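Novice: What shape does this take:
(chains A, B, C, D, E, F, G and H, ligands or ions: 2)
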Amino acid sequence: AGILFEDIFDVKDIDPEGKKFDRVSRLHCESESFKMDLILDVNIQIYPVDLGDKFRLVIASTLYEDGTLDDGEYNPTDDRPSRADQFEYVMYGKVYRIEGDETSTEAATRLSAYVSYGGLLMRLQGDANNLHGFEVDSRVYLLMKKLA
Amino acid sequence: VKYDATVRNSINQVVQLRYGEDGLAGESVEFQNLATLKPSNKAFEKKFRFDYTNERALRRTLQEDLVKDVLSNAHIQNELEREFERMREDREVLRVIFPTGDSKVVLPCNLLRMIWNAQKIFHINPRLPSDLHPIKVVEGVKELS
Amino acid sequence: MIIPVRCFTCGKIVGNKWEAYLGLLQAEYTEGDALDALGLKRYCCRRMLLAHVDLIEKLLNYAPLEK
Amino acid sequence: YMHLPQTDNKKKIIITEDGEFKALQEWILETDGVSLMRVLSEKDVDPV
Amino acid sequence: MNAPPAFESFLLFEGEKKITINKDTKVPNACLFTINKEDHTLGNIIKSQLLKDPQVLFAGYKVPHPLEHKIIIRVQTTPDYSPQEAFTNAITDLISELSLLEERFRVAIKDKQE
Amino acid sequence: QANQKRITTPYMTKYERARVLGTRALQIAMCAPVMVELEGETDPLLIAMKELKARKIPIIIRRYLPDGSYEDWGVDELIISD
Amino acid sequence: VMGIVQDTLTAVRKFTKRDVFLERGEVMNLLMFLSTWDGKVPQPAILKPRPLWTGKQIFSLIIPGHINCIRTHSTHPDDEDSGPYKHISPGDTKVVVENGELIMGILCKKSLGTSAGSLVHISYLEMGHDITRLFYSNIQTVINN
Amino acid sequence: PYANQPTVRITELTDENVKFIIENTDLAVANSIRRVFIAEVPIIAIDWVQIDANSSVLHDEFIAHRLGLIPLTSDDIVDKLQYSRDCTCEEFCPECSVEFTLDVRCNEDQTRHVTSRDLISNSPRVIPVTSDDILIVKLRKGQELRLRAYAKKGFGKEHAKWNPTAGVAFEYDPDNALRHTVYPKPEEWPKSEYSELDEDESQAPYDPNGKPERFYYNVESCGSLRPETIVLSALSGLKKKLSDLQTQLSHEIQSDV
Ligand SMILES: [Zn+2]
Ligand SMILES: [Zn+2]
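Specialist: Numbering: from 1, shown residues only, chains lettered A, B, ... in the order given. Ligands and ions are numbered 1, 2, ... in the order given. Okay, here it is:
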């Protein structure tokens, strides 16, 4: 239904290399179910975050949840198809590189996808059966919400 | 520069046969990298042989109707071995012309940039195998030059 | 030369305070208290009254060219 | 003057058995005044 | 010797109009206001009041040059609402805005004066 | 020379491009016929550039080889660098 | 030698960082000062809770056509390339421009200034000469404003 | 979609300074009201001066500039007199301008201070601010100054002598809450006059849903206009400018259709 990635993540590091930028912090995350680690850059003044915080992640091509493409234009008056708004933090960006672990004999025993949100970047090492939905030069969304 | 593309003086005395020993203007020339002078013999053979003994990487990089033609038709194999021998003698020529490993050298049009443009204009996928037969590349370079 | 009527930055009246500034300076007051007594809270007019040198007493020591 | 060069322009660069360029530090001599014609004719200098 | 007289910052001589309407062709439902002989004083008001309107997608202003006393305002709305009438609404509520502010300042002055 | 045995770079360079675009536009300025249809512009430079794009320029270029022998090229067989 | 200098460069540096974020009223006025803008507001990098535009999408709108370029920032850590996070760059170095879209990196003299292989150099060598002039004018308008 | 509901509160209404607070208003509206205070408030000031005899060491241009920047009271009749450009009157008339006559002669040993009190008008409702007096020129014995001056109507866009304010101060969001300024060391900055924090706190906490509001004004007149009628004149001028924009836009949209 347009969802490319479903997982629940947890944080352990807030800035291992230091507080490089004042309004952007570099999170380090990993899951508990299917074991993919994560790094991500999140704004802080519009979204507080701290250590030991659990959240679930949704990566979708479109927010319409109907399979119809949005083509990447800001339409604030097009809230009719009831976009994915129940989640309280939304990003938008594109991928730029999808590289894994190839020795030219087997086929991608692990995949690490790089996604750029206009400068805010993430990275997803994991099995290829969970990251095969990502295609190079494709527009994707990111969804965030808190968990109890 | 006269209309014979020969650098000449006022009283028609030849100074250069071609402008800058190659006949190319300096406005469009770019800083490039050869990436052939610096690698060793083992690295050069690893990166430019087009080996086909293992045959599985060649299946992963090309389509089935392409690997069927590559694994047969030994004229194609002889052509790629001739290309490898030509690149070996070119490596020798580059080593004789260029000492001290100065791989930085000015060339007209930046090859890696146009290859990246061709990648990101036609939306090709580096993960999937491509449909491009090696001798298409071979006689494309030969007919281009 | 002569005191300007207006402060260059804002435009507060300056020309009606030079005689008062000399009068308060003659009555044993410091520059800061004299400037505070003239209602110049902003420093832009404080520098206008403080840093202005008058040349008219030098120019009125000359005989006029007409009568 | 005697000094081992540090910049790669005056350093010994040769091909090796593996085809890799290797930086070799060799003793060089810098003089004052030019007498090259008798310098290359002398024993144990490189005429190249 | 090339100092312009100070009155051409807001006067209009014979030959130009106050308002000229250009229809943009890059995007549908767009207008190009070319309000002449005002400054950022009007343009900031226009931009803020049009951003207050929810059904206006694009409405911004810029000056081409600080010497030429000219501003240009480009307004783009939804495909059911003309930019010209959007400008008209953004001015006719602004008139009520300024009149209400004037009346409240008047009654504040009257209440403060005993 | 004849049609055969004619050697020079066939890319019409920027210098003769400027020279032709000047000369023909001055010919419009001295009321010469215009080789292309025009749609409401009066600058001779603009129409001369438009018909240089249209490659209908009615002059030929006599190129001086350094040997001394001339060599004539028209406009329509020269191709535009742009 | 045509190069951004003295004020616009050090403002591109502060406008290009990760930490800068523009509200709708800021991108709202920055899109007026363009000339080559297609007339479509791009999708913001932040949607919920409030729509925020980062400066890299704005400079992507500045970059015309499809330019591909990889430069390094001036304060590039030399240990980042050898170790991990080579394409992550926690210091946000390693400027990459992909398909006319600014992806990471803070621009500086080594990317927009009078340097060989700079962004304006590739813009001249790919798009042409008029488009480069519009590129320079759009930079000097939007970054100053 | 429509206009909001601003409120005004006045904290000080002395004879030369007015502080008022405007709430529930966008930033651009308050900025424009501040701009109109110092640029587009009508006032009567001297622009046309004619020198008959000037033996002073201060030559004609000094005296012309000083007389041009003398403030003139226009508390009631600034609306009545029209602009000289819009007057059907040729050159100048008493309905379109105010005539000033200055005549002074020093024949005493001590220095004669020619001040603004010596300026004589025709209409009693226009006078320089003497009801200390503004110095113009000092004269030695035997030096004369005879001139006639005309006072037009204009605002601050033409010249700074038509600027009615002394100096306007515009404060919004006093203790920093929206991070419109980023303080590198917040403890090194003094608290504002309208700040609402204790000594321990440096800045207000972050407000992501905030919007700039509760503007603080400290407008100050130069003694020409009353400091409370200048705001009314500015609002009236802005309203008339936008009414002119209404008329011009309506004419253009009926002309196009
Ligand atoms: Zn002042
Ligand atoms: Zn009159």
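
Novice: Tell me where chain G has strands.
Specialist: G:46-48, G:69-71, G:95-98, G:101-104 (DSSP state E).

Novice: Nearest approach to residue H:223 belongs to which of those strands?
Specialist: With CB to CB, the closest approach to residue H:223 among these belongs to strand G:46-48: 51.5 Å. (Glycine included, C-beta is placed from N, CA and C.)

Novice: between the strands of chain G, which gets nearest to residue E:24?
Specialist: Checking the strands of chain G against residue E:24 by CB to CB gives strand G:101-104 as the closest, at 24.7 Å.

Novice: Is the closest one in proximity to chain B?
Specialist: No: Strand G:101-104 lies out of reach of chain B by CB under 8 Å from any CB of the partner chain, never closer than 10.0 Å.

Novice: for stretch D:2-10, same thing?
Specialist: Yes: using CB under 8 Å from any CB, stretch D:2-10 reaches chain B at D:8-9.

Novice: Going by secondary structure, residue A:59 is in what exactly?
Specialist: Element membership for residue A:59 (DSSP states H and E) is strand A:54-60.

Novice: Could you single out the most deeply buried of the strands of chain G?
Specialist: Mean neighbours per residue, mean count of other CB atoms under 10 Å in any protein chain shown, is largest over the strands of chain G for strand G:101-104, with a mean of 24.

Novice: Describe which strands it pairs with in its sheet and in which direction.
Specialist: According to DSSP bridges, strand G:101-104 forms sheet pairs with strand G:95-98 (antiparallel).

Novice: Using CSV, list the CA coordinates for the partner strand.
Specialist: Extracted C-alpha coordinates of strand G:95-98, given in CSV (Å, rounded to 0.1, in the frame of the first residue of the first chain):
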residue,chain,number,x,y,z
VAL,G,95,29.9,18.5,-1.6
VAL,G,96,28.0,16.3,-4.1
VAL,G,97,25.7,17.8,-6.7
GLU,G,98,23.4,15.1,-8.3
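
Novice: Tell me the residues of chain A that contact chain E?
Specialist: Checking chain A against chain E by CB under 8 Å from any CB, the hits are A:74-77.

Novice: and which of those is nearest to residue C:63?
Specialist: Using CB to CB, residue A:74 comes nearest to residue C:63 of these, at 79.5 Å.

Novice: element containing the closest one?
Specialist: Using DSSP H and E, residue A:74 falls within no helix or strand.

Novice: What about the nearest residue to it once chain neighbours are set aside, how many residues nearby?
Specialist: Distance criterion CB to CB, 6 or more residues apart in numbering or on different chains; nearest residue to residue A:74, sequence neighbours excluded, is residue G:41 at 4.8 Å. Around residue G:41 there are 21 other residues, counting by other CB atoms under 10 Å in any protein chain shown.

Novice: And residue E:4, by the same measure?
Specialist: 9.

Novice: then the strand holding residue A:59 to CSV, C-alphas only?
Specialist: Only the C-alpha atoms of strand A:54-60 are listed here, as CSV (Å, rounded to 0.1, in the frame of the first residue of the first chain):
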residue,chain,number,x,y,z
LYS,A,54,11.5,4.4,21.2
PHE,A,55,9.8,5.2,17.9
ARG,A,56,8.5,3.4,14.8
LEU,A,57,9.6,4.3,11.3
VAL,A,58,7.6,4.5,8.1
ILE,A,59,9.3,5.1,4.7
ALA,A,60,6.7,5.5,1.9
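
Novice: The residue nearest to residue A:74 is in contact with residue A:73, isn't it?
Specialist: Yes: under the criterion of CB atoms under 8 Å, residue G:41 makes contact with residue A:73 at 7.1 Å.

Novice: re earlier: report the buried members of the residues of chain A next to chain E.
Specialist: If you count burial by 16 or more other CB atoms under 10 Å in any protein chain shown, the buried members of the residues of chain A next to chain E come out as residue A:74.

Novice: Out of the residues of chain A next to chain E, which is nearest to chain D?
Specialist: Nearest to chain D among the residues of chain A next to chain E is residue A:74, at 54.1 Å by CB to the nearest CB.

Novice: Phi first, then psi, for residue A:141.
Specialist: Note on residue A:141: its backbone torsions stand at phi -110, psi 160 [degrees, to the nearest 10].

Novice: which one among the residues of chain A next to chain E gets closest to residue H:223?
Specialist: Of these, the one sitting nearest to residue H:223 (CB to CB) turns out to be residue A:76, at 50.7 Å.

Novice: And for the chain, the residue most distant from the center?
Specialist: Chain wasn't specified; assuming chain A. Within chain A, residue A:105 marks the point farthest from the mean C-alpha position, 29.6 Å out by CA atoms, centre = their mean.

Novice: wrong one, chain F
Specialist: In chain F, counting by CA atoms, centre = their mean, residue F:67 sits farthest out from the average C-alpha position, at 23.8 Å.

Novice: Not counting sequence-adjacent ones, nearest residue to that one?
Specialist: Closest to residue F:67 by CB to CB, 6+ apart is residue B:4, at 7.7 Å.
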